[PDB]
Amino acid sequence: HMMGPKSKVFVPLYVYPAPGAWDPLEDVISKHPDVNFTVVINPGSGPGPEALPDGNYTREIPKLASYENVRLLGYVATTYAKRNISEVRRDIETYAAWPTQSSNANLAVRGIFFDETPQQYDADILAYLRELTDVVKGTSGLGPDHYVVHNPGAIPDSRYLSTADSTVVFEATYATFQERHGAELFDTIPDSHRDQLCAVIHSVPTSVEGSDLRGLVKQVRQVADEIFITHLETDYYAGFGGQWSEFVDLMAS
Ligand SMILES: CC(=O)N[C@@H]1[C@@H](O)[C@@H](O)[C@@H](CO)O[C@H]1O
Ligand SMILES: [Cl-]
């Protein structure tokens with residue numbers, strides 16, 4: 001009659017920061033100081049072409065950063081490790097330089113979310129990702145956490161998991177989750193622990209509500225330490241689902 005292991009709320013926050021747009025996230029952060037939030041921001045598939053993001057980002061990001069239970073990460077694309085590593089490094093360094101380039105201590109992130117990491121094992125690809133982790137851990141401006149997340153959007157070879165602090169090993173519809181027998185899918189992953197794993201479930205039917213939603217949250221908390229669940233089928237990373245506060249309430253329980 002408990003919810004099992006506690007998980008963090010993972011938020012791919014690709015809502016454009018117009019005035020008020022991030023209010024639903026700030027509200028639940030405020031309501032649940034005991035809950036830990038991992039929040040990815042993404043000005044333009046990366047930090048953007050300049051040293052600093054636009055006026056809306058520069059206003060809103062520090063408001064989120066001001067909460068102790070928020071861990072902000074900068075989105076960086078890797079294009080299945082095919083992207084030139086110097087260009088990836090440029091993006092990491094740009095995020096890292098944000099607080100000093102802005103003279104705003106709170107215009108900063110605490111790590112990097114690497115999108116599109118590949119599933120298939122390859123030694124050269126492992127070396128690429130490990131170097132990227134070294135860059136994140138070693139660069140001023142990404143502290144204190146220097147957090148690293150990989151998003152293969154599917155289960156990668158287990159040898160990749162130790163290179164990141166968290167790996168998104170599920171990112172698909174609720175229907176796909178169900179086709180794969182839910183939490184059972186996570187049991188197939190060798191050399192792994194829930195603490196290394198993130199699950200993203202979108203397109204949840206609005207009928208999965210109340211105790212039905214509690215059940216899903218509990219099932220996923222058992223196997224993944226970071227979780228995003230939303231009932232949106234469209235723009236599920238660019239808006240809040242109709243049961244966003246209920247989802248966070250369950251994560252807090
Ligand atoms: C959970 C997550 O982050 N998914 C990414 C998202 O960041 C965005 O890049 C999207 C379209 O660009 O592609 C997905 O791979
Ligand atoms: Cl929708």
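Atoms within each ligand, like the ligands themselves, are counted from 1 in listed order. All values below were derived from every heavy atom in this structure, side-chain atoms included, with hydrogens, water molecules and symmetry-related copies excluded. Numbering starts at 1 and runs along the sequence shown.
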**OP:** Begin from the C-alpha positions of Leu142 and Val109 and carry the test side chain to side chain contact (heavy atoms under 4.5 Å, CB included) through to its verdict.
**Re:** CA-CA 6 Å; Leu142 298 177; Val109 299; 3.7 Å; yes
Subject >> Distance-only polar pair, side chains of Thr94 and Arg90, donor-acceptor under 3.5 Å >> reply: yes
**OP:** Would you confirm whether any non-hydrogen atom of the protein falls under 4.0 Å from atom 14 (C) of ligand 1?
**Re:** yes
**OP:** Under 4.0 Å, heavy atoms only, figure out whether ligand 1 is touched by the backbone of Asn42, its side chain, both or neither.
**Re:** neither
**OP:** Among all protein heavy atoms, pick the one closest to atom 5 (C) of ligand 1 and tell me residue, atom and distance.
**Re:** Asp115 OD2, 3.5 Å
Original post:
Between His202 and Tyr236, what is the ring plane arrangement, given parallel below 30°, perpendicular above 60°, and tilted in between?
Top reply: parallel
**OP:** Identify, by atom number and element, the atoms of ligand 1 in contact range of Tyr237, meaning under 4.0 Å from any of its heavy atoms.
**Re:** 1 (C), 2 (C), 4 (N)
Original post:
What atoms of ligand 1 come within less than 4.0 Å of a heavy atom belonging to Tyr75?
Top reply: 7 (O), 9 (O)
Original post:
Which ligand 1 atoms are under 4.0 Å away from a heavy-atom of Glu171?
Top reply: 1 (C), 2 (C), 4 (N), 5 (C), 14 (C)
Original post:
Heavy atoms only: which of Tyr236, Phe113, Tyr14 is nearest to atom 6 (C) of ligand 1?
Top reply: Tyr14
Subject >> Heavy atom of protein inside 4.0 Å of atom 10 (C) of ligand 1, strictly below >> reply: no
**OP:** Verify the cluster assignment for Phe114 and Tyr80: are they in a single hydrophobic cluster under the rule of side-chain heavy atoms below 4.5 Å apart?
**Re:** no
Original post:
Between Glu246 and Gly242, what is the shortest heavy-atom contact and its length?
Top reply: OE1-O, 4.0 Å
Subject >> Flag, side chain of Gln243 to backbone of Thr206, donor-acceptor distance under 3.5 Å >> reply: yes
**OP:** Could you tell me whether the side chains of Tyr75 and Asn151 share a donor-acceptor contact shorter than 3.5 Å?
**Re:** no
Subject >> Part of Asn151 within contact of ligand 1 (heavy atoms, under 4.0 Å) >> reply: side chain
